[PDB]
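Asks: Structure incoming, see below.
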Amino acid sequence: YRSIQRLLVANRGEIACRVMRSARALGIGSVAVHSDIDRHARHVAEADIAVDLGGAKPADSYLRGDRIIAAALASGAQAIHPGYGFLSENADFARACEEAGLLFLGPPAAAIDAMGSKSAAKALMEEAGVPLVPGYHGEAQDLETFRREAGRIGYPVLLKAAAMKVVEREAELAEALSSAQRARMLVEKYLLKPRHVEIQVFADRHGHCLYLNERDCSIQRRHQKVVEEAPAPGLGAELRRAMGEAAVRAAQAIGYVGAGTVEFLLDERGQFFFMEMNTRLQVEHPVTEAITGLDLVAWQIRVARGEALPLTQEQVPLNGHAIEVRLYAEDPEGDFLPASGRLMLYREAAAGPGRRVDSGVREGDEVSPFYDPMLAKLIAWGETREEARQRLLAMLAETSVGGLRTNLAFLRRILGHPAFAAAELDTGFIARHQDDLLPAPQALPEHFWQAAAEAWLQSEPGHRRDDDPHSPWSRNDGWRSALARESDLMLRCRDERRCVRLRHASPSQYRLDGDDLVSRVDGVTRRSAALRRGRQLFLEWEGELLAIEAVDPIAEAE
Amino acid sequence: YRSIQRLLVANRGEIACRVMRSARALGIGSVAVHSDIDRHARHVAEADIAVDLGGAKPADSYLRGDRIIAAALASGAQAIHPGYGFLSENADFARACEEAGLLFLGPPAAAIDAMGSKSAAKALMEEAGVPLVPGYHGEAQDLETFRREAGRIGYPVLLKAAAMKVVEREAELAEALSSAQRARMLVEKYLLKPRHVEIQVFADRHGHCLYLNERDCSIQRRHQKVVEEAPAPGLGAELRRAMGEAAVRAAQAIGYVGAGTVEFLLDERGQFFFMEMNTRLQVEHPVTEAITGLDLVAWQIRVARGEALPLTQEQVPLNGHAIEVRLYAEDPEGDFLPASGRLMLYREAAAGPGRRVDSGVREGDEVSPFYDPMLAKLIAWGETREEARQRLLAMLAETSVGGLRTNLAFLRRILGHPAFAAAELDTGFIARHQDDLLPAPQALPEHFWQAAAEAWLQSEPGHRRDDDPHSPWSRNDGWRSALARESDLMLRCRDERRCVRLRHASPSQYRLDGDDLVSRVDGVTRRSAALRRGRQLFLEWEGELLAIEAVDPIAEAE
Amino acid sequence: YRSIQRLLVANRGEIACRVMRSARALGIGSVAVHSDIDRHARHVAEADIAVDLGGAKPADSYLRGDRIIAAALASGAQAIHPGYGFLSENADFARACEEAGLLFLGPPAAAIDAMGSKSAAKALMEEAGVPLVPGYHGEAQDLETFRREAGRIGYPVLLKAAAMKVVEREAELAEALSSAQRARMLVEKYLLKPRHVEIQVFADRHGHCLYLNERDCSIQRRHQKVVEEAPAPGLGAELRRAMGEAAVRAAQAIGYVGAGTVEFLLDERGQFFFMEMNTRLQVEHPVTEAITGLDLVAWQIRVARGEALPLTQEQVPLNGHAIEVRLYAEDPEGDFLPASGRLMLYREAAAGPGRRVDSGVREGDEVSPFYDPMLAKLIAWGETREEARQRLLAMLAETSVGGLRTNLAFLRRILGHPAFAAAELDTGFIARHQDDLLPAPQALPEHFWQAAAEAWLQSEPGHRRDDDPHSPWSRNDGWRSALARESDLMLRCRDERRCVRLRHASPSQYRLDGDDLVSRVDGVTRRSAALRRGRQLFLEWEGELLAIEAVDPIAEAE
């Protein structure tokens, strides 16, 4: 039994804070490492000790194993957690840790580069009884061998070469074959509306291994998990234990030790195929923890120390439903591009029932163009799936982010999409409903400018002079003698500008407390977000944060 | 399966906030509606969206169905919860909601007006095997038919006509009959020291139905529940399941769907009789939730959405004891009258163990003369009943309310009454011990004025002038040269006034921090409430809040 | 069934606050009593009512039964809890309470003075089948009787007289006997590396009795429990139930009622012997509560009221591990002496997972030379024992205490000692590893003074004058014209003084927020405690709080 006194977390952002929280929960000290850019980061801040690594690019910063392990030796860390990304999956680094006496909360180096090759991994998988996507490389016959090959591979089959021709019937296989240009043809099975189902595997040193239910990660933005959930909405008990056992046999196969997940893919027809196993902890791991009450990082730490998994498979719980969403600094209707800037506004959503949020940022922080733009992960748990969904949706309503372009408006729509409620999931969901997910702006109504004006005007007190502190002249009132209150504002939202003239012989209409604009459109009292950060007023309007500011005649004239 | 996005709560005060909290807990948006008087109310405040209805009287405000349903359509509510009171029990409104596509978290309109008639309800009840209070209308014979009738109705029987003559023995029935004036005689059973026991029923759409234990609501101020508890102190397992099944058969009878309770009545002899069923959620519902860990409003919402009750009767828990008390703006020793004014002081009691408080007010709020004067409901849970009682009592000690007359001093006495500890309950408890519950004032001792003075004097700093900020002249000290500290105060409590002269060559005695007056009556250091709100000092004295203020020679001389 | 309305706690410090918290948790009012010195104490502060007793020495203060019981009658207390120490174990006081109608949350007076005599207690114990340490008083033969006596007493035996000669073999017994001077010889069994294992017993009035697992309290500073844990690290199920039953039979024996523990002693050989039973609640009781989820004071209160223990022995839980440490105002490397002074600095460690802390002090409080110098008890719970240990260690890291000498540095070392992790426990542990537990100072490195200076300088702003509030002259910067920032400080730590000269053409290095000094020793960002209290700066350095202050040329020259 070894034992960690200080755990070094060789990573950054959300995940670094994430692991660090679990360490702390056990009385274990935490060590962070940072590039020069993250010198003033949150993960470095919440760390008991930090150590400066490289400079800016991950290439010569967080990827510098030798320095990371050096740091660990110097800062007195007895173990290393690599979190996901970076060096979490490359035996070289896993071995170098071994060649240092450092425990490595990960799978033994072997399993790593073994699963790192499409080849040998395809090998070990078949051996353990893990279904693989029927294919047919090597040989490339003509109008006769393919017929037999294709026949077993299920007929909804594809046709490639050596660098598509979707065959649907054996009767279409005829012309399907006589097509070669630019003979040499491959027979790879094509999958219909396939859901991405992975299984959370977790072993220990004592040969025990188990799967902690499965997660669906179908909704993906041009390859890249955007939403995750556990359990997988559709499949029942049998299908679960089938894929779980498969994954468990897959891990037993390469003698796995830590946490990792087997990433499958199952069509509309229930057949599930191995795609690849992640020899690290999964990003979307929170939804699993949600429905199981388990701290996978704690577990991750315990096996490292060499203890035995606290449960048997008959005990792995699975109650309720939890949905996870990834908040990025991407651009919704902007071809999704790593928008890196400054977080002028960043308000997370209050603690509340099944609410969880694993972030790595805070207001004022800069989103550098050197790392994954993931701001935070919002997770909601619910008894039913509607609950988790409706809760998660509320967490997205109560979250605002300004100073950057965010995939937040996008995510709000997804959870609030009839398609998503109905669980009509497959890995093409994103590109399918894109028209509803990535709309296009509507100039804003006079309904809006009045609201924005009121808001701004009320976020701009009036200057109280020490000379005369209670001067009625400090009113942002608009008071006029016999006529009605007049206030005129030159506002500019986005790349548009209006000259809102506020008039009201009726003091009512709008008020504003904290970060809430309380409006009264004759009869209906509604309240929305209105947050002032600097010379900017971020207003919540139709589920989209709009930045408003005053026009500066001088600035621009220049 | 339908599904609520926004839930409109067609009600106000405590219950409105109550339901709204559950909605929010599920990620469901909430819509409020208000009269013009409640335009600035707490329930409107804690609402995601509010809508102005009528004006002042419930008649043309919260009772205006057409507008309430209009509001719901306009504000985007997919369902309506009517809470208790108002329109929560009248098929007309329940149907109008149906004729709008709105889900109505309540029983189907049928059961409503069916149970709304003493007649037809008496019908359906007998049919389902629900005991009714033996009576004898219709026929009115003389000295012979009554003998047989009375004989079955149990002899402790009453005698009415067509608009009392308590018969106790068959041998007294003789003269009991020859009395008619102003022949036409009715034979209705009389009940001895009857406890009010109701059962919390809750069905769904799928025909399932169950009872969630029972509640005793015996202690009533001239008809009106004042205290409630669950479970009913006396009765055991058999009696519980008997009344429960009875109530469940009663609900199955009219095809009930939501939440509701069957209100029974059982004498000293264990026989229980149906009185009426409430086709809504019960006000005193918190004590039930307390001993069951169930959110009846959540459940209420779920059946509306059409899900199935999450439990079977073998699972309905029942651990511990919970007591509920109703805080009103009534007048203890003032013939109990709807005292409507301004809440100058309103301090609830800190969160603590089994403590719960469902209110609908806050300091500064006005208690209008248009609605039920219920301020809040204080609920305490305990393992035993003494625990709940002692805790609840502590919550009443730590609660202060000034600017109005309150039934709070009254309630404190009830929980602290030997009769109530001993569970000597029957529906006459209130009018019986009235002498101990509604005492009569004692002028206050010189013991008091000294205390009040010290308090006031210490709630009145001394004016620090910007001219000279640390001036020793700001001391509320009473400093005198060689003699002892002299301070004289002209105080007036209630309709009495004293000229407290504070002298002390001993700086000690009293001090005051926050809302606590710490006194030291030579040897005994005691601490009580002393809260300053405006030109008024509310002091806790002998379990009764006393308002104290300074006498104004000018004001009155005028 | 009697019932407490107000509970008087006849004690002080931590335990008084401790019991008072449980009372409050049940809605039970609490009454405190104090000496004149504790007139402004925390336990008196957290009390609903307090009563002045004696003056300074416990002799004529908390030990004055007559006054304590008088107080209880006067303050309206229906019961008395004596906590540990003082009068918690002396039938005289227990009887006097009886002769007053006061419930006494303790064992019936009988058991008290019965267990109070080494004699009669040795009697009752043998009768109930409770092993005792084999001895041999009365008779004192020569070279023949001892041989037989010694033979049964296990040969690792001692030899005393009437006021040591450790015999190890029967073959050594020869010369072992012919030694008498200054015949009259006693034969008492000697124990090898004995662990101190006591069992938490708890009965009621209804004859039921049970043991709530055991606690190990081996690590003791020259007789005096310093560390405690539950369960006892080594022993298994059989040994547990054996000692438990023994203790239970011991309590049944004298007809015990409340809480108490049987203090055993078991050698390396597994044989356990009775030492004495405490007829009160144990100080170290929190570790037991930790691993059982039980409030022993609540229980203590309930049996007093005459209820029946809520569990059977098959239910007494035992999950996880909890370690308790006693924080005293002793002197680590100062021959352990009751250091009584003023708590200039007292910061407990934040609420966190298995964290618990039962204290009786607060910053500013004076540690009088009249009572047990125990500041607080820090308890950490963990799933495994390493967890509890590592957590508890973190609680000791996050705890600072200045203005006195504290056994805190000592305790930190114990939990962080390889010997303690390995559970190498026996009652000699303290005096054995003393060399590692009570080191000796090392003057502090230039590494330190730079740190202390920076800290001090940064805890000393610069004086902002109302005259000119933003004056750049307020910088504690060290700004110099063309050269580098110069700041010179005359600091004095302990009885040493340096003239730290801070120079930095690099603004970086140190910063300071809250009570954290964030340092950057080129590459490694570390953070430690630095708390300013008055003209003193308490810095955390190498797990030892160092007091630093500025040298005053005038003060000393004088």
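Each chain in the structure tokens gets a letter, A, B, ..., in the order shown, and its residues are numbered from 1; ligands are numbered from 1 in order too.
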Using only C-alpha atoms, I'd like every residue of chain B that has an atom within 8 Å of chain C; please write them out as a list in words.
Replies: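 Here they are: residues 352, 353, 382, 387, 390, 391, 392, 393, 394, 523, 524, 525, 526 and 527 of chain B.
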Asks: List the spatial neighbours of residue 81 of chain A as a ChimeraX atom specification - criterion: any atom at most 9 Å away, only C-alpha atoms, same-chain residues fewer than 2 positions off excluded.
Replies: /A:7-11,19,79,83,88,103-106,300-301
Asks: Set the distance at 7 Å and use only C-alpha atoms: which residues neighbour segment 282-288 of chain B once local chain neighbours fewer than 5 positions away are removed? I'd like the list as a PyMOL selection string.
Replies: chain B and resi 84+228-230+260-261+322-324+379
Asks: If you count only C-alpha atoms, which residues fall within 8 Å of residue 429 of chain C, apart from same-chain ones fewer than 3 positions away, as a list in words?
Replies: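 Once the adjacent positions are removed, what remains is residues 218, 219, 220, 424, 425, 426, 432 and 433 of chain C.
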Asks: Keeping only C-alpha atoms, write those residues as an mmCIF file, in the first residue's frame.
Replies:
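What follows is the written file again.cif:
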data_model
loop_
_atom_site.group_PDB
_atom_site.id
_atom_site.type_symbol
_atom_site.label_atom_id
_atom_site.label_comp_id
_atom_site.auth_asym_id
_atom_site.auth_seq_id
_atom_site.Cartn_x
_atom_site.Cartn_y
_atom_site.Cartn_z
ATOM 1 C CA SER C 218 -2.883 4.964 24.000
ATOM 2 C CA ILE C 219 -0.916 8.036 23.020
ATOM 3 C CA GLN C 220 -0.660 9.863 26.367
ATOM 4 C CA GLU C 424 2.472 1.029 16.344
ATOM 5 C CA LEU C 425 0.484 1.916 19.478
ATOM 6 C CA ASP C 426 1.038 1.169 23.162
ATOM 7 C CA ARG C 432 9.413 6.641 23.064
ATOM 8 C CA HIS C 433 9.458 8.845 19.945
#
Asks: Give me, as a CSV table (one decimal) with C-alpha atoms, in the first residue's frame, all polymer residues having an atom no more than 12 Å from segment 499-513 of chain A, counting only C-alpha atoms and skipping those fewer than 6 positions away in the same chain.
Replies:
chain,number,residue,atom,x,y,z
A,445,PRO,CA,-37.6,45.8,-31.5
A,446,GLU,CA,-38.4,49.2,-30.1
A,447,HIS,CA,-39.6,46.9,-27.4
A,448,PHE,CA,-35.9,46.3,-26.7
A,449,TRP,CA,-34.3,49.7,-26.8
A,450,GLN,CA,-36.8,51.1,-24.3
A,451,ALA,CA,-35.7,48.2,-22.0
A,452,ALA,CA,-32.0,48.7,-22.7
A,453,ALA,CA,-32.2,52.4,-22.1
A,454,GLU,CA,-34.0,52.1,-18.8
A,455,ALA,CA,-31.5,49.6,-17.8
A,456,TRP,CA,-28.4,51.7,-18.7
A,457,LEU,CA,-29.9,54.9,-17.3
A,458,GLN,CA,-30.4,53.0,-14.0
A,459,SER,CA,-26.9,51.6,-14.0
A,460,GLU,CA,-25.6,55.2,-14.1
A,461,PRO,CA,-26.4,56.9,-10.8
A,476,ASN,CA,-31.2,59.9,-12.9
A,477,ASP,CA,-35.0,60.7,-12.8
A,478,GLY,CA,-35.5,63.0,-15.8
A,479,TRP,CA,-37.5,65.4,-13.6
A,480,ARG,CA,-38.9,68.3,-15.6
A,481,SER,CA,-40.9,71.2,-14.3
A,482,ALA,CA,-44.6,71.0,-15.4
A,483,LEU,CA,-44.1,68.5,-18.2
A,484,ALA,CA,-43.1,64.8,-18.0
A,485,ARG,CA,-39.8,63.2,-17.2
A,486,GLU,CA,-37.4,63.5,-20.1
A,487,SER,CA,-34.2,61.4,-20.5
A,488,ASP,CA,-32.5,60.9,-23.8
A,489,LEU,CA,-29.8,58.2,-24.4
A,490,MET,CA,-27.5,57.6,-27.3
A,491,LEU,CA,-27.1,53.8,-27.0
A,492,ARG,CA,-25.3,51.4,-29.3
A,493,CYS,CA,-25.8,47.6,-29.3
A,519,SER,CA,-40.1,45.4,-16.3
A,520,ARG,CA,-43.9,46.0,-16.3
A,521,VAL,CA,-45.3,45.9,-19.9
A,522,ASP,CA,-48.8,46.9,-18.8
A,523,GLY,CA,-50.1,44.0,-16.8
A,524,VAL,CA,-47.1,41.6,-17.1
A,525,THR,CA,-44.3,42.0,-14.6
A,526,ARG,CA,-41.3,40.2,-16.1
A,527,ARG,CA,-37.7,40.1,-14.9
A,528,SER,CA,-34.5,39.5,-16.8
A,529,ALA,CA,-30.7,39.8,-16.5
A,530,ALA,CA,-29.1,43.2,-16.8
A,531,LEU,CA,-25.5,43.2,-15.6
A,532,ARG,CA,-23.1,46.2,-15.8
A,539,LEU,CA,-28.7,42.6,-21.1
A,550,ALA,CA,-23.2,54.5,-24.8
A,551,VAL,CA,-22.3,56.2,-28.0
B,45,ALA,CA,-41.6,39.1,-6.2
Asks: Taking only C-alpha atoms into account, name the residue in C:96, C:309, C:150, C:253 that is nearest to residue 70 of chain C.
Replies: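 Answer, going by the shortest atom-to-atom distance: C:96.
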Asks: Select from segment 272-369 of chain B everything DSSP, run on the backbone, classes as strand (DSSP E), then give the selection as number ranges by chain.
Replies: B: 276-278, 321-328, 345-347, 355-359
Asks: Quick one: pull the distance between atom CA of residue 63 of chain B and atom CA of residue 374 of chain B, Å, one decimal.
Replies: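 So the answer is 18.3 Å.
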Asks: What are the DSSP alpha helix (DSSP H) residues of segment 16-208 of chain A, as a CSV table (one decimal) with N, CA and C atoms, in the first residue's frame?
Replies:
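Result file follows (out17.csv):
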chain,number,residue,atom,x,y,z
A,16,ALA,N,-8.3,20.5,-13.7
A,16,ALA,CA,-7.3,20.7,-12.7
A,16,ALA,C,-8.0,21.1,-11.4
A,17,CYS,N,-8.9,22.0,-11.4
A,17,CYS,CA,-9.6,22.5,-10.2
A,17,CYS,C,-10.4,21.2,-9.7
A,18,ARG,N,-11.0,20.5,-10.7
A,18,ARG,CA,-11.8,19.3,-10.4
A,18,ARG,C,-11.1,18.3,-9.5
A,19,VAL,N,-9.9,17.8,-10.0
A,19,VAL,CA,-9.1,16.8,-9.3
A,19,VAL,C,-8.7,17.4,-8.0
A,20,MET,N,-8.2,18.6,-8.0
A,20,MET,CA,-7.7,19.3,-6.8
A,20,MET,C,-8.8,19.4,-5.7
A,21,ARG,N,-10.1,19.5,-6.0
A,21,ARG,CA,-11.1,19.5,-5.0
A,21,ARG,C,-11.2,18.1,-4.3
A,22,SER,N,-11.1,17.0,-5.1
A,22,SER,CA,-11.1,15.7,-4.5
A,22,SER,C,-10.0,15.4,-3.6
A,23,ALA,N,-8.8,15.9,-4.0
A,23,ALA,CA,-7.6,15.7,-3.2
A,23,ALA,C,-7.9,16.3,-1.9
A,24,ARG,N,-8.1,17.6,-1.9
A,24,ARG,CA,-8.4,18.4,-0.7
A,24,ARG,C,-9.5,17.7,0.2
A,25,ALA,N,-10.4,17.0,-0.4
A,25,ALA,CA,-11.5,16.3,0.3
A,25,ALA,C,-10.9,15.1,1.1
A,26,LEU,N,-9.7,14.7,0.8
A,26,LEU,CA,-9.2,13.6,1.5
A,26,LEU,C,-8.0,14.0,2.4
A,42,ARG,N,-6.9,30.3,-12.1
A,42,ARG,CA,-7.6,29.8,-11.0
A,42,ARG,C,-7.1,28.5,-10.5
A,43,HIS,N,-6.7,27.5,-11.4
A,43,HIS,CA,-6.2,26.3,-10.9
A,43,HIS,C,-4.9,26.4,-10.1
A,44,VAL,N,-4.1,27.5,-10.5
A,44,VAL,CA,-2.9,27.7,-9.8
A,44,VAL,C,-3.2,28.3,-8.5
A,45,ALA,N,-4.3,29.1,-8.5
A,45,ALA,CA,-4.8,29.8,-7.3
A,45,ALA,C,-5.3,28.8,-6.2
A,65,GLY,N,6.8,16.7,-20.2
A,65,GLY,CA,6.9,15.6,-19.2
A,65,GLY,C,8.0,15.8,-18.2
A,66,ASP,N,9.3,15.8,-18.7
A,66,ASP,CA,10.5,15.9,-17.9
A,66,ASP,C,10.4,17.0,-16.9
A,67,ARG,N,9.8,18.2,-17.2
A,67,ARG,CA,9.7,19.3,-16.3
A,67,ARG,C,8.5,19.0,-15.3
A,68,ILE,N,7.5,18.4,-15.8
A,68,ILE,CA,6.3,18.1,-15.0
A,68,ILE,C,6.7,17.1,-13.9
A,69,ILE,N,7.5,16.1,-14.2
A,69,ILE,CA,7.9,15.1,-13.3
A,69,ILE,C,9.0,15.7,-12.4
A,70,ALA,N,9.7,16.7,-12.9
A,70,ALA,CA,10.8,17.4,-12.1
A,70,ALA,C,10.1,18.2,-11.0
A,71,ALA,N,9.0,18.9,-11.5
A,71,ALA,CA,8.2,19.7,-10.6
A,71,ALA,C,7.7,18.8,-9.4
A,72,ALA,N,7.1,17.7,-9.8
A,72,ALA,CA,6.6,16.8,-8.8
A,72,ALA,C,7.6,16.4,-7.8
A,73,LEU,N,8.8,16.0,-8.2
A,73,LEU,CA,9.9,15.6,-7.3
A,73,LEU,C,10.2,16.8,-6.4
A,74,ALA,N,10.4,18.0,-7.0
A,74,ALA,CA,10.8,19.2,-6.2
A,74,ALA,C,9.7,19.7,-5.3
A,91,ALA,N,2.2,6.2,-22.8
A,91,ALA,CA,3.1,5.4,-22.0
A,91,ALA,C,4.5,6.0,-21.7
A,92,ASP,N,5.0,6.8,-22.7
A,92,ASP,CA,6.3,7.4,-22.4
A,92,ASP,C,6.3,8.1,-21.1
A,93,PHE,N,5.3,9.1,-21.0
A,93,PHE,CA,5.2,9.8,-19.8
A,93,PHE,C,4.8,8.9,-18.6
A,94,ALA,N,3.9,8.0,-18.8
A,94,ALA,CA,3.5,7.1,-17.7
A,94,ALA,C,4.7,6.3,-17.2
A,95,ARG,N,5.6,5.9,-18.1
A,95,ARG,CA,6.8,5.2,-17.7
A,95,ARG,C,7.8,6.1,-17.0
A,96,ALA,N,8.0,7.3,-17.5
A,96,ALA,CA,8.9,8.3,-16.9
A,96,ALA,C,8.5,8.6,-15.5
A,97,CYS,N,7.2,8.5,-15.1
A,97,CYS,CA,6.7,8.7,-13.8
A,97,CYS,C,7.1,7.5,-12.9
A,98,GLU,N,7.1,6.3,-13.5
A,98,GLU,CA,7.5,5.1,-12.9
A,98,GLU,C,9.0,5.2,-12.6
A,109,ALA,N,1.3,1.9,-18.2
A,109,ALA,CA,1.8,2.2,-19.6
A,109,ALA,C,1.5,1.3,-20.7
A,110,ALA,N,1.5,0.0,-20.4
A,110,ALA,CA,1.2,-1.0,-21.5
A,110,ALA,C,-0.1,-0.7,-22.2
A,111,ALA,N,-1.2,-0.9,-21.5
A,111,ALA,CA,-2.6,-0.7,-22.0
A,111,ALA,C,-2.7,0.6,-22.8
A,112,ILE,N,-1.9,1.6,-22.4
A,112,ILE,CA,-1.9,2.9,-23.1
A,112,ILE,C,-1.5,2.8,-24.5
A,113,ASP,N,-0.2,2.5,-24.9
A,113,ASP,CA,0.2,2.5,-26.3
A,113,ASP,C,-0.4,1.3,-27.0
A,114,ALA,N,-1.0,0.3,-26.3
A,114,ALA,CA,-1.6,-0.8,-26.9
A,114,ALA,C,-2.9,-0.4,-27.5
A,115,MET,N,-3.7,0.4,-26.7
A,115,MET,CA,-5.0,0.9,-27.2
A,115,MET,C,-4.7,2.1,-28.1
A,118,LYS,N,-4.6,1.6,-33.7
A,118,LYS,CA,-5.8,1.1,-34.3
A,118,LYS,C,-5.6,-0.4,-34.6
A,119,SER,N,-4.4,-0.8,-35.0
A,119,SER,CA,-4.1,-2.2,-35.3
A,119,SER,C,-4.2,-3.1,-34.0
A,120,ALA,N,-3.1,-3.3,-33.3
A,120,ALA,CA,-3.0,-4.1,-32.2
A,120,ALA,C,-4.2,-4.1,-31.2
A,121,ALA,N,-4.9,-2.9,-31.2
A,121,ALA,CA,-6.1,-2.7,-30.4
A,121,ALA,C,-7.2,-3.5,-30.9
A,122,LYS,N,-7.3,-3.6,-32.3
A,122,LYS,CA,-8.3,-4.3,-33.0
A,122,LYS,C,-8.0,-5.8,-32.7
A,123,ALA,N,-6.8,-6.1,-32.5
A,123,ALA,CA,-6.3,-7.4,-32.1
A,123,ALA,C,-6.9,-7.9,-30.8
A,124,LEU,N,-6.4,-7.3,-29.7
A,124,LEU,CA,-6.8,-7.6,-28.4
A,124,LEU,C,-8.3,-7.6,-28.2
A,125,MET,N,-9.0,-6.8,-28.9
A,125,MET,CA,-10.5,-6.6,-28.7
A,125,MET,C,-11.2,-7.9,-29.2
A,126,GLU,N,-10.9,-8.3,-30.4
A,126,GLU,CA,-11.5,-9.5,-31.0
A,126,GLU,C,-11.3,-10.7,-30.0
A,127,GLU,N,-10.0,-10.8,-29.5
A,127,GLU,CA,-9.6,-11.9,-28.6
A,127,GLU,C,-10.5,-12.0,-27.3
A,145,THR,N,-16.2,-11.8,-54.7
A,145,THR,CA,-15.7,-11.9,-53.3
A,145,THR,C,-16.5,-10.9,-52.4
A,146,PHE,N,-16.7,-9.7,-52.9
A,146,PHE,CA,-17.4,-8.7,-52.1
A,146,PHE,C,-18.8,-9.2,-51.7
A,147,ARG,N,-19.5,-9.9,-52.6
A,147,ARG,CA,-20.8,-10.4,-52.4
A,147,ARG,C,-20.9,-11.2,-51.1
A,148,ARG,N,-19.9,-12.1,-50.9
A,148,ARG,CA,-19.9,-12.9,-49.7
A,148,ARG,C,-19.5,-12.0,-48.5
A,149,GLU,N,-18.4,-11.2,-48.6
A,149,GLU,CA,-18.0,-10.4,-47.6
A,149,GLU,C,-19.1,-9.4,-47.1
A,150,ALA,N,-19.6,-8.7,-48.1
A,150,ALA,CA,-20.7,-7.7,-47.8
A,150,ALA,C,-21.9,-8.4,-47.1
A,151,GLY,N,-22.2,-9.6,-47.5
A,151,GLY,CA,-23.3,-10.4,-47.0
A,151,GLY,C,-23.3,-10.5,-45.4
A,152,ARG,N,-22.2,-10.7,-44.8
A,152,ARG,CA,-22.1,-10.9,-43.4
A,152,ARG,C,-22.0,-9.5,-42.7
A,173,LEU,N,-25.5,-4.2,-55.4
A,173,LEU,CA,-24.0,-4.6,-55.3
A,173,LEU,C,-23.4,-4.7,-56.7
A,174,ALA,N,-24.2,-5.0,-57.7
A,174,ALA,CA,-23.8,-5.1,-59.1
A,174,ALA,C,-23.0,-3.9,-59.6
A,175,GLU,N,-23.7,-2.8,-59.8
A,175,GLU,CA,-23.1,-1.6,-60.2
A,175,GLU,C,-22.2,-1.0,-59.1
A,176,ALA,N,-22.5,-1.4,-57.9
A,176,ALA,CA,-21.7,-0.9,-56.7
A,176,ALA,C,-20.3,-1.2,-56.9
A,177,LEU,N,-20.0,-2.4,-57.5
A,177,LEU,CA,-18.6,-2.9,-57.7
A,177,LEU,C,-17.8,-2.3,-58.9
Asks: Identify, on the basis of only C-alpha atoms, every residue whose closest approach to residue 141 of chain B does not exceed 8 Å; exclude the query and any residue fewer than 2 positions from it along the same chain; express the result as a tab-separated table (two decimals) with N, CA and C atoms, in the first residue's frame.
Replies:
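Result file follows (selection-v7.tsv):
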chain	number	residue	atom	x	y	z
B	139	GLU	N	-88.49	11.64	7.73
B	139	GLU	CA	-89.58	11.29	8.66
B	139	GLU	C	-89.39	11.90	10.06
B	143	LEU	N	-93.56	9.36	19.82
B	143	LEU	CA	-93.00	8.54	20.89
B	143	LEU	C	-92.85	7.04	20.61
B	144	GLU	N	-92.29	6.68	19.46
B	144	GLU	CA	-92.12	5.26	19.16
B	144	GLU	C	-91.13	4.93	18.05
B	145	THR	N	-91.15	5.71	16.97
B	145	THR	CA	-90.23	5.50	15.84
B	145	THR	C	-88.82	5.93	16.25
B	146	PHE	N	-88.74	7.06	16.94
B	146	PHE	CA	-87.47	7.59	17.42
B	146	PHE	C	-86.72	6.55	18.27
B	183	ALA	N	-93.17	16.95	17.52
B	183	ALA	CA	-93.64	16.35	16.27
B	183	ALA	C	-92.53	16.35	15.21
B	184	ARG	N	-92.35	17.49	14.55
B	184	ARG	CA	-91.32	17.64	13.52
B	184	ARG	C	-89.95	17.56	14.21
B	185	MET	N	-89.45	16.34	14.42
B	185	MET	CA	-88.16	16.15	15.10
B	185	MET	C	-87.16	15.28	14.34
